[PDB]
Structures are given as structure tokens and as C-alpha cells.
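Trainee: sequence and experimental coordinates follow.
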Amino acid sequence: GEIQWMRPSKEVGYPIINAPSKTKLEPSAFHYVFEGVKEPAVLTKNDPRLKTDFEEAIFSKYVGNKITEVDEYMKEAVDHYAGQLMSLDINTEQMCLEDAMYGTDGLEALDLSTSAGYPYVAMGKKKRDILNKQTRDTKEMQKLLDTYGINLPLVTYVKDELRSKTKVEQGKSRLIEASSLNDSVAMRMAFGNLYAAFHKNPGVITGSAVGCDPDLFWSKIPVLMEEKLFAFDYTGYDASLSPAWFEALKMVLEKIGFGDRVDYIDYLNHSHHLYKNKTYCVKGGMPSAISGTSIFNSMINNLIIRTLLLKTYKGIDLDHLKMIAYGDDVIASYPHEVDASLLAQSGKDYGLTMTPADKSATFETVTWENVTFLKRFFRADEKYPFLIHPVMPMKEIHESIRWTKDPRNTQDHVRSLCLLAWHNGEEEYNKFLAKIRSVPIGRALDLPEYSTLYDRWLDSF
Ligand code: NA
């Protein structure tokens, strides 16, 4: 991805977009009961903690576009992946407006708490004013589609979340690039059934984990993986994607019966954004918050890994490449050992910056003991080995519990963390609960005990 130009929005007929500047994150009642070093991300140019220009830092993710056309290895990757998706008999018909707005089997209703995007954010009109969960009314939406059309600018917001000390100082805040409600609706109508098929089929056929339930999915992954695992991290995946990867994605869509609306992908590839009082044009780079972001990043990841394998290992049998992606995150396997370092080398030529799995210093062999997916390790249950625990290290949970965005959601927030933590074992879980209960706020929470969560887990399969 590369920003073509940036200029005052007024110069191109757009209003100034008001974006938050004060974090809603504040120390929680557990701030001093648990250790952590993360703080709220810099949200404004004048944040005192900044040690470098903010604007420059947030847009530096756009490292450029390394490739223009779809080469022969990519075309082969496209054919193999598309052929694989064909086996799912994905319903290629457009999804009706109602289901696209309020959901259906395999697709949850539009989130009413997220931005409505342009021009609604500028007209002070909320989603709640347009959608009605109880009525499933499409009349108001339909008039808006007719009035403002599609392919509207994407509104950019700095994401309010916790970040490392370094990322705070370097102004490395992440951005929310929200599509207009009109575009979310149009894209969900165009690809609604594709989204549903993926959500209902997490695994090695879709090559996607989007919509998965880790508590149940983890026991299914090993049987899907090959004999040899391999993985690696991407540096700024979304923003590094070159236009050619979007074209390759369109080829897949065409081959599986959606050639009908590949135009929507152009809207993702060549897009314009509004940030504060500026407007800018980007070539390449996947927008962080459009409907289908994680699904398309996942599809593209399937194309990337297949491409690098073909380019690096001629004669590779893609029918034995078993991988599952969640955006840029991936867990992959092959009957034979492969060199991630070589794949990373080949990756640079395609505009991808690949590094050792989980921040490792060197490319090491990935095993069932050290592999992670969605930050979770895999650990067989002690009593029933066939049941696999998704294990997120307590470090992440501790970092998260030390802050709150709304005192009213304290119990939901803490319970959510408990659902993640108990997998670390009864001893650790109890220590976690004891610390929570070392302060008044924690003592007033209704939290599940270990045996309750274990029983509930067994009863969920
Ligand atoms: Na883009």
C-alpha cells in the first residue's frame, strides 16, 4: 500500500471529520494488583509521550507497492485455492438487504455500536436512527443507498487501545478505516453468502478461522494440520499488500461465481480516506474496518503462502498444504519440512515482510509445543487428551485487566478474561481469582470457579 496524495479535505469537497482525542482507557480497580507495562495508544499529535512525529508514524505502515502484476506463481496459487473453495458449493447469489443488515445463518447483524461512516458522521446521524433490530426495517437504509450511493470515503480514526511503551513513544498507533454504512451494506449484500460459508466452515478448505470458537475449534485443528508445521509473522501485513494481491483475489472471486461483483474489491484496493481535516488516496493496502476485512485478508493470505511455496519449491504439492489463516495470522503445515527463512526471502519480492513466528529472533522449527494461533498455544487436556485447550498466556490477560473503558462493563470484561485464563490450569486460575478478590470491586463480581468452567467446557462439545 502507498498513499498517492494527501491534502485538506475542503480542497476536494469534503468536511472536516471530528475524531476522538481523549482515551476512554483508565486504570482499573486492578491496576496495582497485577503487573503490566502497556498504556493507551497516542491519539493526538500533541501527546506528551511522543518522541517522534505522530502523523508520520501512523502512516508509515504504507511501505509501498513491490509488485504491479499477477505473475505465474500467483496465477497457480489462485487456481489451486479457487478450486479448493469450489468444493464448498458456496451460494453465489446476492444476499437480500434485510439479511445483510440484520443477519442470517452464518452472518451476524451489523454492529450498532460502530461508526456509520461518511457522510452520516458529518450529518450527526447514528446507526440506531437507521436500523431497527425489532422491525428489521430496510426502508430507511434503502433510501440512504439511493441518496448517497456507494464507494464513499472511508473515515479514519486512531484506535483507542493498549500499546507497548515503545509503540507509544514511536507513535505507532493503529488506525480504524471504517467504510460508510452504505458500503458495508452493499458489500454484505454482494458477499453475504461468501461470508456465511466461511464463518460456517472454519478450517483447511476455506483456509480460514474467521468466526471460530477457540474453545471447540482447537480440538479440531491438529487433525487438520499436516505432519510438519511452519509459521511466521508479518510486519504490517494489511498495509503492505500490493494492488496485484487484490487482483489475484478478484480472480478467485471470479472463478467461484462472484466475478459478478469484483468491482467492490477495487474499492478496497484503490481507496480514499478522511482523517481529521485531510483526505488521502491509497493504492493497495487493505482497509482495517470494511465489511470483509478479516475474510479477504485471510483469502489473500492463502494466495500468498501458496505463491511463496510455488516460487520457492517447484513441484510442491499444494493439495498437501494445510493452513488456516485469520487475517495475517496463520498456522500452516506440509508433509515435509520447509524453510521459513527462505519463504521470507521470497516474500520480500512480493512486498511482504515476514519474520520468525511469535517475535522469535531466528527462524526455528515450529512444533505443537511452541506454536500459537490467535496468541493461543495448544495443550491437550490432562484427563481427556483428545480435547485440546487453547492456552493464552496470563501476561496478556494481566495487561488487559489493569484498565477499563467503562466501569459498567467491569463484570463482562473480567468474565471474558476468565474464559481465556482458566485454560492455564486450576492453580493459575485460582491465583488469578484470588488477586481479583483482593480488592472490593473484584469481590463484588460474580465469577465462575474452575470446576464450573471445566465442566462447562466438557459439556460444550
Ligand atoms: Na486501499
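Mentor: That came in fine, so what should we check first? Residues are numbered from 1 along each chain as shown.
Trainee: quick one, strands of the stretch 301-450 of the chain?
Mentor: All strands of the stretch 301-450 of the chain, identified by DSSP state E, counting those that start in this stretch, fall at 322-326, 329-334, 354-356, 377-380, 388-391, 403-404.
Trainee: which strand or helix spans residue 184?
Mentor: Secondary structure from DSSP states H and E places residue 184 in helix 181-200.
Trainee: now look at that helix and say if it contacts the ion.
Mentor: No. Against the ion, helix 181-200 shows no contacts by CB under 5 Å from the ion, the least distance being 12.9 Å. For every residue, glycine as well, the C-beta is placed using N, CA and C.
Trainee: buried stuff in that helix?
Mentor: 181-199 (16 or more other CB atoms under 10 Å).
Trainee: on that earlier part again, got CSV for the strands of the stretch 301-450 of the chain, with mean neighbour count and distance to residue 144 too?
Mentor: Shown next, in CSV, are the strands of the stretch 301-450 of the chain (neighbours: other CB atoms under 10 Å; distance: least, CB to CB, whole Å):
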stretch, mean neighbour count, distance to residue 144
strand 322-326, 23, 32
strand 329-334, 23, 35
strand 354-356, 20, 42
strand 377-380, 18, 46
strand 388-391, 22, 40
strand 403-404, 21, 35
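Trainee: between those, which one is closest to the ion.
Mentor: Closest to the ion of the strands of the stretch 301-450 of the chain, according to CB to the ion: strand 322-326, at 19.4 Å.
Trainee: next, the angle strand 329-334 makes with that closest one.
Mentor: With axes from the mean of the first three to the mean of the last three CA atoms, to 10 degrees defining the directions, strand 322-326 sits at 180 degrees from strand 329-334.
Trainee: strand 322-326 packs against which elements?
Mentor: helix 221-224, helix 293-312, strand 329-334 (3 or more CB pairs under 8 Å, 6 or more residues apart in numbering; DSSP states H and E).
Trainee: what's the angle from it to helix 293-312?
Mentor: 140 degrees.
Trainee: which residues touch strand 322-326?
Mentor: Strand 322-326 is contacted from outside by 202-204, 207-210, 212, 221, 224-226, 294, 297-298, 301-302, 305, 330-334, 373-374, using CB atoms under 8 Å, 6 or more residues apart in numbering.
Trainee: name the nearest residue to residue 192, ignoring sequence neighbours.
Mentor: Using CB to CB, 6 or more residues apart in numbering and skipping the chain neighbours, the partner closest in space to residue 192 is residue 95 (2.8 Å).
Trainee: re earlier: quick one: the helix holding residue 184 to helix 293-312, angle?
Mentor: 60 degrees.
Trainee: for the closest residue to residue 165 other than its chain neighbours, what are its contacts?
Mentor: Counting by CB to CB, 6+ apart, residue 165 lies nearest to residue 37, which is 6.0 Å off, once chain neighbours are set aside. Listed by CB under 8 Å, 6+ apart, the contact set of residue 37 reads 164, 165, 399.
Trainee: just the residues you listed now: which is nearest the ion?
Mentor: Out of these, the member with the shortest distance to the ion (by CB to the ion) is residue 164, at 26.4 Å.
Trainee: now do the contacts for the residue lying farthest from the centre of the chain.
Mentor: For the chain, the residue at maximal distance from the C-alpha centroid (CA atoms, centre = their mean) is residue 440, at 35.4 Å. Shown in contact with residue 440 (CB under 8 Å, 6+ apart): residue 29.
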